[PDB]
Amino acid sequence: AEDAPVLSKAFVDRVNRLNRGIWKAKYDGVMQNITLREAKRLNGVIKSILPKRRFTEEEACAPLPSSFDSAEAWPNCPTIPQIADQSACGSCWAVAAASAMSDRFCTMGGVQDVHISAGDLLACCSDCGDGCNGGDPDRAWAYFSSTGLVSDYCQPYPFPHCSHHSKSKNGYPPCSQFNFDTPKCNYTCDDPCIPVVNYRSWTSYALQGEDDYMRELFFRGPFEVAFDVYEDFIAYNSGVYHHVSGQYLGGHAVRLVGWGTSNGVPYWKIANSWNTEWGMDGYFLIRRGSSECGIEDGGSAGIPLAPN
Ligand SMILES: *[C@@H]1O[C@H](CO)[C@@H](O[C@@H]2O[C@H](CO)[C@@H](O[C@@H]3O[C@H](CO)[C@@H](O)[C@H](O)[C@@H]3O)[C@H](O)[C@H]2NC(C)=O)[C@H](O)[C@H]1NC(C)=O
Ligand SMILES: *[C@@H]1O[C@H](CO)[C@@H](O[C@@H]2O[C@H](CO)[C@@H](O)[C@H](O)[C@H]2NC(C)=O)[C@H](O)[C@H]1NC(C)=O
């Protein structure tokens, strides 16, 4: 919509009063100057076609710990702790998907360090939606099953790191300088001397509800979920987020990596795709148990097929 800032000092003071200090909002952080049009661009979920996940008796009746972190449970899987940067696209549906697929190749696929190409998925799955104008996480995982995806060695993400800060500590260029269209779908690597290797799942499925989410995470590792983004979330700095003010900005896809309790408040730990400058080093904590902003309404996951 507008070139009107999403944040104001008055808006953030209201938020910090209404949230009762359970989470901290910050006006003069990395998102201070973000525009209503740029904020809505980050939120690329539009629009089940996947079968519902079925647990065995042993999976369903296992006593889950009160704390869990995917990076500590699989300390030899180096993709889990890495933070993506979707850049100036509505590519979150594809970026969260490709991140969790990279992680599952190590947790289940016998491959320690492969990065699945978000670019390949964004550009070639026309059935998933319309690239940087948004798309459907469930269709992304169905595409990983039927067609498959190259690694980011074959097809690196086309859009560079960008900052919303004036002086980025990482020295990234501003995101205000960029506004990207869906890349072309290619059938060779960007360097055609790198041979094409196709990576597939043998099964893809849907999840619903706190219990399903914790069991899937514990047994199989990170997966893709989505929630409603309101203006207050843009200002998130630390603590367990819950919505208290601001208008609806769209659906956003993210990567669930953990859960815990912080001073009696249950949370999910989540890897965002807005680089390591935003939130808690690229992470946020959100309230678990009550489907906060619909986060527990729909997850998408799958089992990578081991190569050869
Ligand atoms: C499929 O292959 C094409 C290569 O033909 C990729 O599109 C190209 O993407 C690169 C970035 O990776 C673009 O480079 C940029 O050029 C602009 C000028 O328009 C400039 O602002 C930047 O400095 C940057 O270097 C290039 O424009 C673009 N070319 C074409 C013909 O589309 C595409 O990204 C590949 N798709 C995937 C999914 O990998
Ligand atoms: C948001 O933009 C404002 C200005 O529009 C930035 O504040 C200025 O930053 C310059 C460097 O670019 C400083 O030298 C000035 O002291 C600041 N001027 C004013 C008028 O405040 C601000 O840094 C931007 N915020 C973020 C976090 O990027």
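Where a number appears in this text, it was derived from the coordinates with a stated rule and is not lab data. A quick note on method: Cβ atoms are made from the backbone with ideal geometry, for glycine too, and the neighbour counts reach across all protein chains shown.
The calculated FRET efficiency for residue 74 paired with residue 10, based on their beta-carbon distance and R0 = 41 Å, is about 0.40.
The modelled label-to-label distance between residue 33 and residue 210, using points 7 Å beyond Cα along the C-beta direction, is 4.2 nm. One quarter of the surface of the convex hull around the alpha-carbon atoms of segment 111-152 equals 3.0 nm², the direction-averaged projected area. Could you work out how far the C-alpha centroid of segment 25-40 sits from that of segment 267-308, in angstrom? Rounded to whole Å, the Cα centres lie 21 Å apart.
Viscosity 0.692 mPa s, temperature 37 °C: give me the Stokes-Einstein translational D for the chain in µm²/s, with Rh taken as the Kirkwood radius over C-alpha pairs. Show your work: numbers first, answer last.
Numbers: Rh = 19.6 Å.
It diffuses with D of about 167 µm²/s by this estimate.
Tell me the trypsin sites (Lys or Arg not before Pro) within segment 96-183 that lie in a loop according to DSSP and have at most 11 other beta-carbon atoms within 10 Å. For trypsin sites (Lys or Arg not before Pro) across segment 96-183 that sit outside H, G, I, E and B with at most 11 neighbouring Cβ atoms in 10 Å, the list reads 167, 169. The alpha carbons of segment 105-189 give a radius of gyration and a Dmax of 15.1, 44 Å, in that order.
In summary, the convex hull built on the alpha carbon positions of segment 152-201 has an orientation-averaged projected area of 5.4 nm².
Choose one of 21, 118, 60: the residue whose Cα lies farthest towards the positive end of the charge dipole of segment 2-134 (beta-carbon charges +1 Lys, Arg; -1 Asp, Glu; about the Cα centre). Result: 21.
The HN-Hα couplings worked out from phi for segment 102-119 by the Karplus form 6.51 cos²θ - 1.76 cosθ + 1.60 (θ = phi - 60°) are 5, 4, 5, 5, 8, 6, 9, x, x, 10, 6, 9, 10, 9, 5, 6, 5, x Hz, whole numbers, x standing for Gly and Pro. When 214, 101, 31, 280 are arranged by Cβ crowding within 10 Å, least crowded first, meaning fewest neighbours, the order is 280, 214, 31, 101.
The charge dipole of the chain, taken about its Cα centre with unit charges on the Cβ atoms of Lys, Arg (+1), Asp and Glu (-1) only, comes to about 500 debye.
Near residue 291, once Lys and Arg are set to +1 and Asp and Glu to -1 for all other residues with Cβ below 9 Å from its Cβ, the sum equals -4.
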